[PDB]
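S.K.: Model the structure of this input:
(8 chains, ligands or ions: 5)
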Amino acid sequence: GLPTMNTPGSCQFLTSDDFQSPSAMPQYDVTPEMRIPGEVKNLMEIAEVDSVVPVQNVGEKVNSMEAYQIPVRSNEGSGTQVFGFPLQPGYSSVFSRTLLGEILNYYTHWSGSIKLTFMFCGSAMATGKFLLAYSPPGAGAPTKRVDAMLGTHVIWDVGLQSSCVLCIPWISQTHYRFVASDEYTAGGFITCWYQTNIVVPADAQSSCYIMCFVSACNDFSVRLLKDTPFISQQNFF
Amino acid sequence: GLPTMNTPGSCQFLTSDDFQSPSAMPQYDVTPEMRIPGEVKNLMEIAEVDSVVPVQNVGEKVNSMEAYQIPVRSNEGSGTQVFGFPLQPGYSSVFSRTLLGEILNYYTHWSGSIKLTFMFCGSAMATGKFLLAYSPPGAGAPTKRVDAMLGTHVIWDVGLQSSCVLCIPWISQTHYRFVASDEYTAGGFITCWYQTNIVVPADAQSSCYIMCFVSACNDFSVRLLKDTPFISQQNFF
Amino acid sequence: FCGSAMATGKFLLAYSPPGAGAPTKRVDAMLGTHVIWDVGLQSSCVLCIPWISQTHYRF
Amino acid sequence: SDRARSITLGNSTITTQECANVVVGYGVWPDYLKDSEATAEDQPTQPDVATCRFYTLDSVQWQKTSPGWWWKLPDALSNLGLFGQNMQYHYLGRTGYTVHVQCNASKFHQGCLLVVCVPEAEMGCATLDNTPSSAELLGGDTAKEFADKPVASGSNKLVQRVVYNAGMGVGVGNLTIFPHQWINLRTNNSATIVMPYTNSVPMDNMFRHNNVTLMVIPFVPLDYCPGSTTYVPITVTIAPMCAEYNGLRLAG
Amino acid sequence: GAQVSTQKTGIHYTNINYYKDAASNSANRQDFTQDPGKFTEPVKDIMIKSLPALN
Amino acid sequence: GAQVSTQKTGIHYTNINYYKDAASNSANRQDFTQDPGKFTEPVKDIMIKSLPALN
Amino acid sequence: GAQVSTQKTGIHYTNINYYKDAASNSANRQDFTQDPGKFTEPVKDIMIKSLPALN
Amino acid sequence: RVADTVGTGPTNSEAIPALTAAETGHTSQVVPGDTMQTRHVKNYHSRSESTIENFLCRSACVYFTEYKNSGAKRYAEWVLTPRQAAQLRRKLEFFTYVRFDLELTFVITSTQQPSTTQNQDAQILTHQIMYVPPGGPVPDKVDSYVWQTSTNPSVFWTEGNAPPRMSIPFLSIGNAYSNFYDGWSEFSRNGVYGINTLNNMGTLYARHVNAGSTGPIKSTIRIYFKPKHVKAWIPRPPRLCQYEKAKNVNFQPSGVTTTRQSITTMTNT
Ligand SMILES: O=C(O)c1ccc(NS(=O)(=O)c2ccc(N3C(=O)c4ccccc4C3=O)cc2)cc1
Ligand SMILES: O=C(O)c1ccc(NS(=O)(=O)c2ccc(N3C(=O)c4ccccc4C3=O)cc2)cc1
Ligand SMILES: *C(=O)CCCCCCCCCCCCC
Ligand SMILES: *C(=O)CCCCCCCCCCCCC
Ligand SMILES: *C(=O)CCCCCCCCCCCCC
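M.R.: Numbering: from 1, shown residues only, chains lettered A, B, ... in the order given. Ligands and ions are numbered 1, 2, ... in the order given. What follows is the structure:
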């Protein structure tokens, strides 16, 4: 016949290969398709959807709904911190089990902007202002309000419209950052402070909560598939 | 199926082969390129760059900067030799660890012209003349100035313009010469003499130095890749 | 420069705007306007002092 | 004529009477980052004439026995001017340099220097299972010096400094592929190199990466007869080129 | 009956189908259409950013 | 979709790409462009041989 | 880029070169040019048979 | 490529191509016809073996590890670097920044180990090599759930066939791999020096999928890297010293060259 020669990689099973293989059932006609609502064609469709972030998660809070709630209250003075967590989804305790964060433990690399939304869930007599800050890395976390207003920030005023978005720009030396912890591809720190006290009248609760959401922007992308560390087994089920 | 027949060389791993092989990560998009200064596309680009030659290298000189320095001084008469080394880069002690010489221990064959540059590093009151000679092989090294002026030579006069180039023509029976020592592809000998004494006034040093440089010309080429004898190991690092 | 023709040297000719007192080190004086003067043939160099003033005239 | 040169950046002006031309990088002149190579999405800070101007570093004596000197580039200007005050408030920045080395001596003196700007000059440690500390590599406008004899191996965080290996384990006579000039005292008294920004990322933090290292190495020692000047300094002057900074935060 | 298509790059390749069943063909790797607007913005009224979400 | 290119001689060969990734292709052996003028002559002023390098 | 050449007979075959080096090609079997006149008749003067070789 | 020599006759001129100033940092462009009478030569030489995509594009053994079908050391772990083995490492360090695609090729061999087991009778061995991208689960034993390979690239190879091979893209987060890093990853400038995450490209695991024999068999896997589609920037002086460590540039001070008797002698010692 036709003289041929085999090359390295013949008679191997590579799990990522695409080759054609004969059907075991030939001339089998499959059932028609129907239009089912909500077809998914990309996983960045469903990473652009808001998901409640468990900011609190200190001891026994993860075994309750108190994880999702962020305390804020009427206190003396202002310029006290409300929360702080580091930017690094798919590593951080805060972000690893969010909807964004679990489409990001299947990938090694990530790029793009992330938008946090906050929703004030006090009474309609409560009012206040917050400073929602993001600091690039290289100087540690800000420990005062005056240190935190030197970074990117938004001042949020609560009225009608009970949410505000802090969009986190992409500021990185590299085009991608590792999903896993590395100090070369450090993300920075996201902190919140009282710009002004929570002020309430009599007969309205002086303790209120904030809920946080996280989603990707439209410039976001992920790269390089890998197994997730979050599912295990000891035997077949 | 299609009748085929296998030939000798099937199911071998030849280390120099070019064949296509499936990617283990399919549809992976690589990071964009940026223009980084100083892209290299050929190694004859970087063999055409001058590199200081350690002409001296006699005993304890190789463990100092005295290797690179060539003594010249005011002496009685003239027609005394300054240095001599054989033409054979990638073998000779003088040339094997020069920048030219180390892109030439990865190759078996070499061809073309080589240009030596000399730079006088006396004071600006010092003056002198030299005879920079090259003798083709077949009569041994010249042992007198009058034997050395029968070959290719340049008389170098020191003034403003403190360098002079001795370009070594290609004069060979064969189109290529071996990198390694062979007497069939002998190179010849490069020697230097006082054409005139070094003359200085009072209060200026009568001892001066010369530095030598080496680079390939634009007609230079190398052929036939091989392992270099200059890197070793006993175990993995 | 009115040395001999074998003498050579370099100088830093500086001008500092006011508001921080006179510079007391070379490294303080190179943060203002300056010219590095090299002596060779051409034995003069000009330090031109720009007009940097809040007002249009000075007393 | 060909020996006269003047370079004006900001306030500063340099003038030389003996000049060997200007070497420019890899034939690439400093430029601002393009929007088709940029990654960071914030608006840059470009201070212009408050960063891009000549800064003189401390002088260092050239003696008959001197082995050489090195300065690591962004961290030798880190305490100087508003160049130093933009790189501690920002996470990122990129810049090229113009390095000018001066050294004048009479026509009865002799010696030769090699002036090189070496991209990413990573330097060995005296002890082979340790890496150097940051107090042995970085000056701050003070020069670090080479040695002429091997550094003994203790339990050191010391650099292995020897002139002939250049502290990197390479031949010192092969450093001539890097942008370079020679100061030969019978010809010229100054050397000018213009480096462009060289990195594998478009901007980088400058307080933990040094992307260039200047080295001044005697190849022919200083020599003179009795009656001449015995003190010959070497001054280094460095100007940023097209500095940008991005990622404004708190100082540190 | 060969198809010629572009490769994933920062050229072209050739493919012939050898079997009579369309379930024997290699996987479809290069389909990049997407529409996140079903899961984001499922609201009946059109939201305009730079205007109140609630009047 | 075959490419036909010249061989290294002191004829021609045919090549088809079989994979959908451009990192699966055979090595580029025949790119011979070069420019030594970045590393030799990096000087700002144009040097003319047959004229003084320094006036 | 196939060559079609005649076979040795008392038809035609097809050949494609698969490699980028011209030292990888199959042997040249069908080159039948010859010239025995270098080794026979190397004489300066033209010899005519049917005439004396020496007058 | 190679240029043609041009003929030249006698001169006596104010031209001075031979004289130059080497202080300018410029390599002289003198050709042989400048300094002497030459004939015209046609050159047909080429510079095709000294392309960067010829120099670096040959398979080179980077590492080898061993593992057994019994006892301890049931699998082999290796973090992919081209810096364990001297020869490949030196070639890449003619450059500061490189960018390439790998082709991995594995030569897997097996050797019967001495034992007092009576009536050994091996079945054919099948081996699994599993590439794990940075992060994610790491096998801690043979027979863990990590060898499922649901999303990790993996190959299976039975003995007496052709070596496996696979292509790897350019996997850097940067725009080129760096062979040198003059910095710290920490902002404090403490910790390890010269350590960077631009050159991460996972870990490789290898095991037997069956113990074929009742007796002990030990396998050796050798990994070969072949760069291809190469681009390289900023050339550097070659390494003069022997390497000591795979993560450091540390060296023992070495002389410039080997010695010889005199500065006029025509032989080496
Ligand atoms: O290697 C893999 O592909 C592979 C290994 C483990 C695996 N999942 S597991 O939950 O870790 C698991 C671990 C062990 C066993 N298992 C055994 O090891 C075994 C031995 C003998 C009889 C039955 C069994 C059996 O159920 C089954 C599952 C899946 C695949
Ligand atoms: O043959 C080659 O491809 C090969 C042989 C040697 C080699 N490099 S080496 O530095 O000479 C070297 C020499 C020996 C070993 N080595 C052993 O021989 C060995 C035996 C048993 C366990 C561990 C090892 C082990 O590290 C490792 C490296 C690379 C490849
Ligand atoms: C269209 O299909 C014709 C184009 C040329 C086909 C070349 C076919 C290659 C060899 C046969 C593959 C047959 C698979 C059953
Ligand atoms: C262009 O590609 C069409 C030219 C003729 C193609 C012949 C194809 C040879 C056999 C198929 C190779 C297919 C590889 C997936
Ligand atoms: C000219 O070469 C095109 C003619 C048709 C080519 C059919 C090719 C046969 C299969 C591919 C051989 C490729 C060898 C690398």
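S.K.: residue contacts, residue 19?
M.R.: Assuming you mean chain A. Taking Cβ atoms under 8 Å, 6 or more residues apart in numbering or on different chains, we find residue A:19 in contact with residue E:26. C-betas here are computed from N, CA, C, even on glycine.
S.K.: my question was about chain H
M.R.: For residue H:19, the contacting residues are B:161, B:163-164, F:52-53, by Cβ under 8 Å, 6+ apart.
S.K.: Would you mind naming what in chain A lies close to ligand 1?
M.R.: Chain A comes close to ligand 1 at residues A:233-236, as judged by Cβ under 6 Å from any ligand atom.
S.K.: go again using 8 Å as the cut-off
M.R.: By Cβ under 8 Å from any ligand atom, the part of chain A that sits against ligand 1 consists of A:232-236.
S.K.: Excluding sequence neighbours, find me the nearest residue to the residue nearest in space to the middle of chain D.
M.R.: In chain D, the residue lying closest to the centroid (Cα atoms, centre = their mean) is residue D:214, at 3.0 Å. Once flanking residues are discounted, residue D:214 sits nearest to residue D:71: 4.9 Å by Cβ to Cβ, 6 or more residues apart in numbering or on different chains.
S.K.: part of a strand, is the one you found?
M.R.: Yes - Residue D:71: assigned to a strand according to DSSP: H, G, I helix; E, B strand; the rest coil.
S.K.: can you give me phi and psi for the closest residue to ligand 2 within chain A?
M.R.: Nearest to ligand 2, among the residues of chain A, is residue A:8, at 16.7 Å (Cβ to the nearest ligand atom). The phi/psi pair for residue A:8 (degrees, to the nearest 10) reads phi -40, psi 130.
S.K.: Burial check on it, number of neighbours?
M.R.: Residue A:8 has 24 neighbours, counted by other Cβ atoms under 10 Å in any protein chain shown.
S.K.: Need the residues that contact the one helix or strand residue A:84 maps to.
M.R.: If you go by DSSP states H and E, residue A:84 is part of strand A:81-86. Outside of strand A:81-86, the residues within contact range by Cβ under 8 Å, 6+ apart are A:55-56, A:70-72, A:92, A:94-95, A:130, A:141, A:145, A:187-194, A:210.
S.K.: Now, these that are in helices?
M.R.: Counting by DSSP state H, the part of the contacts of strand A:81-86 found in helices is residue A:145.
S.K.: my guess is residue D:83 meets residue D:240, correct?
M.R.: Yes - contact criterion Cβ atoms under 8 Å: residue D:83 and residue D:240 qualify, at 5.9 Å.
S.K.: of the contacts of strand A:81-86, buried ones?
M.R.: When the contacts of strand A:81-86 are checked for burial by 16 or more other Cβ atoms under 10 Å in any protein chain shown, the buried set is A:55-56, A:70, A:72, A:94-95, A:130, A:141, A:145, A:187-194, A:210.
S.K.: residue contacts, the residue of the stretch 1-150 of chain D found nearest ligand 2?
M.R.: Closest to ligand 2 within the stretch 1-150 of chain D is residue D:128: 16.8 Å, counting by Cβ to the nearest ligand atom. Contact partners of residue D:128, counting by Cβ under 8 Å, 6+ apart, are D:153, H:244-245, H:248, H:250, H:252.
S.K.: before we move on, back to that, what subset of the contacts of strand A:81-86 is also close to chain D?
M.R.: Counting by Cβ under 8 Å from any Cβ of the partner chain, nothing from these sits close to chain D.
S.K.: now, which of the contacts of strand A:81-86 lie within strands?
M.R.: Secondary structure from DSSP state E places A:70-72, A:130, A:189-194, A:210 of the contacts of strand A:81-86 in strands.
S.K.: nearest to chain H, of those residues?
M.R.: Nearest to chain H among these is residue A:189, at 12.7 Å by Cβ to the nearest Cβ.
S.K.: ok, the closest one - contacts?
M.R.: A:84-87, A:134-135, A:137, A:140-142.
S.K.: The same query, at a cut-off of 7 Å, please.
M.R.: A:84, A:86-87, A:135, A:141 (Cβ atoms under 7 Å, 6 or more residues apart in numbering or on different chains).
S.K.: what does residue A:126 give?
M.R.: A:198, A:200, A:204, A:208.
S.K.: which non-adjacent residue is nearest the first one?
M.R.: Closest residue in space to residue A:198, ignoring its immediate chain neighbours: residue A:128 at 4.2 Å, by Cβ to Cβ, 6+ apart.
S.K.: mind listing what's buried in the host helix or strand of that neighbour?
M.R.: Assigned by DSSP H and E, residue A:128 falls within strand A:127-135. Buried residues in strand A:127-135, defined by neighbour count with 16+ other Cβ under 10 Å: A:127-128, A:130-135.
S.K.: Which residue ranges of chain E form strands?
M.R.: Taking DSSP E, the strands of chain E run over residues E:3-6, E:12-15.
S.K.: ok, the first one near chain F or not?
M.R.: What that stands for is strand E:3-6. Yes - on the criterion Cβ under 7 Å from any Cβ of the partner chain, strand E:3-6 is in touch with chain F at residue E:4.
S.K.: Need the residues that contact that strand.
M.R.: Under the contact criterion Cβ under 7 Å, 6+ apart, strand E:3-6 has outside partners E:12-15, F:1.
S.K.: Most neighbours among those, which one is it?
M.R.: Most neighbours among those, by other Cβ under 10 Å: residue E:13, with 21 neighbours.
S.K.: Quick one: residues contacting the closest residue to it other than its chain neighbours.
M.R.: Leaving out its chain neighbours, the residue that sits closest to residue E:13 by Cβ to Cβ, 6+ apart is residue F:17, at 4.2 Å. Contact partners of residue F:17, counting by Cβ under 7 Å, 6+ apart, are B:20, E:7, E:11-14, F:25.
S.K.: Just name the closest of these to chain A, please.
M.R.: residue B:20 (8.3 Å).
S.K.: okay if I get the contacts of residue A:126 as CSV plus distance to ligand 5, neighbour count and secondary structure?
M.R.: Shown next, in CSV, are those (distance: Cβ to the nearest ligand atom, whole Å; neighbours: other Cβ atoms under 10 Å in any protein chain shown; DSSP: H, G, I helix; E, B strand; the rest coil):
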residue, distance to ligand 5, neighbour count, secondary structure
A:198, 75, 21, strand
A:200, 80, 19, coil
A:204, 81, 12, coil
A:208, 72, 21, strand
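S.K.: Check those residues and tell me the two furthest apart.
M.R.: With Cβ to Cβ as the measure, no two of the contacts of residue A:126 lie farther apart than A:198 and A:204, at 10.4 Å.
S.K.: And residue A:163, how close does it get to residue A:126?
M.R.: The spacing between residue A:163 and residue A:126, counted by Cβ to Cβ, to the nearest Å, is 15 Å.
S.K.: burial count for the residue in chain A positioned nearest to chain B?
M.R.: The minimum distance from chain A to chain B, using Cβ to the nearest Cβ, falls at residue A:1 (3.3 Å). When counting by other Cβ under 10 Å, one arrives at 9 neighbours for residue A:1.
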